[PDB]
Amino acid sequence: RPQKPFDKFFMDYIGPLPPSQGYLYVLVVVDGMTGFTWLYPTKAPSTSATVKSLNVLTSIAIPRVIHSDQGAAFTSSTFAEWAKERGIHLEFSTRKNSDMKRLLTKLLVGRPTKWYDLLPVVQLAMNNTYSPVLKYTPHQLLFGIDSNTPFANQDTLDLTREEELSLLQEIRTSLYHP
Amino acid sequence: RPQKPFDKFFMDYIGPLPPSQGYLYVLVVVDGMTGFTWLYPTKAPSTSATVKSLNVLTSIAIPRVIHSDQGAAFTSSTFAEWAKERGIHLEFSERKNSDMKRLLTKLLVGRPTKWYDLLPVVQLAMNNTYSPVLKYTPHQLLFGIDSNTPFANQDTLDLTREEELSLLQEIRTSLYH
């Protein structure tokens with residue numbers, strides 16, 4: 001039903017999480033086509049924060065549809081006026097999101113103080129992990145299967161810090177087959 | 001000298017600008033290889049905000065080197081420690097990245113009340129305009145020459161509003177001329 005990359009996004013908040021540099025929530029945005037995940041950390045599951053993050057993301061491309069939960073952030077009057085102006089169509093429903101979000105929450109809660117700093121590494125690892133459904137990584141599907149990737153050591157994603165490898169090894173093993 | 005996208009970034013703020021939606025500055029980040037541009041709307045030309053925007057950015061990948069002017073944001077000892085930790089070399093010192101800053105400022109200043117909401121449109125038009133030097137748009141260079149196009153129409157870029165279509169024409173008229 002999504003036609004190309006950046007055509008349909010799947011959107012929800014996770015947390016609340018332990019405070020990490022004043023951050024408590026993560027807006028998770030998954031591309032329908034490629035499965036590419038954008039992790040935007042926020043201080044509030046709000047519309048204002050949501051419009052901030054999406055203004056960054058939609059700098060790349062404006063979707064035709066957005067799918068979400070019924071959280072207050074997404075049902076708001078100001079959010080609809082934002083969509084209708086951007087041209088975007090809205091959609092609500094309350095599956096595969098469940099497993100992914102739950103795994104992500106376990107990971108970020110397991111790094112109570114640091115999780116904000118390790119966020120980028122989390123997003124990188126999940127996007128560069130073989131999905132047995134897609135037969136490629138979501139990064140490969142977004143940037144080109146044969147493209148020269150920004151990583152030399154594909155095995156290690158150019159990660160050197162021992163706590164960041166611990167993250168990678170764990171994500172690869174448990175992301176799709178629990 | 002760049003081999004891949006995400007090898008080298010060129011960084012610099014633009015501002016202060018007339019304040020809309022609370023924001024005063026815009027961190028402009030440009031990719032060495034592809035010329036792809038990320039504009040980040042900010043409150044201050046601070047280190048704090050550079051880190052914030054770069055954490056979103058470096059989610060996609062760690063850049064190996066970052067080129068920047070010796071502005072306060074980039075020269076603080078903590079931004080030196082923030083880059084150190086994840087193995088990024090900082091490059092303190094060329095006309096072509098300043099020719100675009102001035103080209104950008106005048107587009108933003110031009111709509112003193114509107115610019116922040118048009119920021120995403122500004123970027124969308126920059127990364128999706130054919131470059132003479134490159135022979136391709138920078139979106140094509142980051143995502144693939146054969147990458148899916150981030151729009152339905154090459155002329156409009158799926159844009160309808162008055163300022164958008166004004167911007168797009170200005171951006172297409174003046175970028176490389």
Side-chain angles (χ1 to χ4, degrees), chain A residues 3-7 21 23 27 31 33-34 36-41 48 51-64 82 85-88 116-128 139-152 157-161 164, chain B residues 3-7 21-23 31 33-34 36-41 48 51-64 82 85-88 116-128 139-152 157-161 164:
Chain A
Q3 253 283 266
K4 60 221 280 176
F6 309 124
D7 204 62
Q21 289 180 56
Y23 290 96
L27 183 62
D31 172 58
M33 257 285 150
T34 58
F36 198 89
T37 309
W38 290 272
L39 304 180
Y40 301 96
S48 168
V51 159
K52 246 92 101 151
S53 296
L54 293 192
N55 235 55
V56 170
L57 213 199
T58 60
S59 285
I60 309 300
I62 284 161
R64 70 163 85 263
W82 180 81
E85 206 262 20
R86 281 7 131 118
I88 313 162
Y116 170 80
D117 269 25
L118 300 159
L119 230 220
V121 180
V122 164
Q123 171 172 341
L124 200 248
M126 285 168 60
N127 287 327
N128 291 284
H139 194 283
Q140 280 179 306
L141 302 173
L142 220 212
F143 294 90
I145 291 165
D146 193 21
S147 288
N148 205 180
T149 76
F151 338 106
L157 295 174
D158 298 347
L159 259 26
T160 59
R161 258 139 67 112
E164 287 176 36
Chain B
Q3 271 174 244
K4 287 163 289 187
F6 285 82
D7 267 313
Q21 212 117 165
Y23 293 94
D31 182 49
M33 171 84 172
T34 59
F36 196 91
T37 324
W38 299 268
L39 312 168
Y40 298 102
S48 172
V51 178
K52 200 265 105 69
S53 308
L54 285 177
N55 267 23
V56 175
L57 196 280
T58 61
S59 289
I60 297 163
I62 315 295
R64 284 177 169 87
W82 179 91
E85 284 165 4
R86 50 276 270 178
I88 315 165
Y116 172 87
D117 285 324
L118 291 161
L119 212 259
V121 159
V122 158
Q123 183 182 309
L124 205 260
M126 278 187 71
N127 295 329
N128 295 274
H139 179 86
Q140 284 195 295
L141 274 357
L142 220 200
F143 291 101
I145 306 298
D146 211 40
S147 87
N148 344 63
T149 209
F151 48 79
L157 305 189
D158 298 0
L159 267 34
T160 49
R161 307 222 81 184
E164 298 182 323

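Numbers restart at 1 for each chain; the letters A, B, ... are given by sequence-line order, proteins then strands.
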| Measuring heavy-atom distances to chain A, does B/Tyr116 have an atom under 4.5 Å in its side chain, in its backbone, in both, or in neither? | both

| request: Identify which of A/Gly144, A/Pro5, A/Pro63 forms the greatest number of heavy-atom pairs closer than 4.5 Å to chain B. | output: A/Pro5

| Inter-residue atom distance A/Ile62.CD1 - B/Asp158.CG, 0.5 Å rounding | 7.5 Å

| Can you tell me how far the CG atom of A/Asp7 sits from the CG atom of B/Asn148, to the nearest 0.5 Å? | 10.0 Å

| query | Roughly how far, to the nearest 0.5 Å, is NZ of A/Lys52 from CD of B/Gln21? | reply | 7.0 Å

| task | For A/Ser59 and B/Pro120, work out which heavy atoms get closest and say how close. | result | OG-CA, 3.3 Å

| Going from CG on B/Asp146 to CD1 on A/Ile145, what distance comes out if it is rounded to the nearest 0.5 angstrom? | 11.5 Å

| task | For atom CZ of A/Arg161, decide whether the heavy atoms of other residues, nucleotides or ligands shown that lie under 6.0 angstrom number more than 12. | result | yes

| note | Of B/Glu85, B/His139, B/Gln3, the largest count of non-hydrogen pairs under 4.5 angstrom with chain A goes to B/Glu85

| field | Nearest-0.5 Å distance that lies between atom CH2 in A/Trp38 and atom CD1 in B/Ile60 | value | 7.5 Å

| message | Less than 4.5 Å to any heavy atom of chain B: does that hold for the side chain of A/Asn55, its backbone, both, or neither? | response | both

| Tell me, side chain or backbone of A/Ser53 under 4.5 Å from chain B's heavy atoms, or both, or neither? | neither

| field | Segment of B/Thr58 engaging chain A (4.5 angstrom heavy-atom cut-off) | value | both

| request: Any chance you could measure B/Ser147, atom OG, to A/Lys4, atom NZ, to the nearest 0.5 Å? | output: 9.5 Å

| request: Would you please classify the geometry between the A/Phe143 ring and the B/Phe143 ring as parallel, tilted or perpendicular, with 30° and 60° separating the classes? | output: parallel

| Listed by chain and number, what are the salt bridge (charged side-chain N to carboxylate O under 4.0 Å, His left out) partners of A/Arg86, not counting sequence neighbours? | B/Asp117

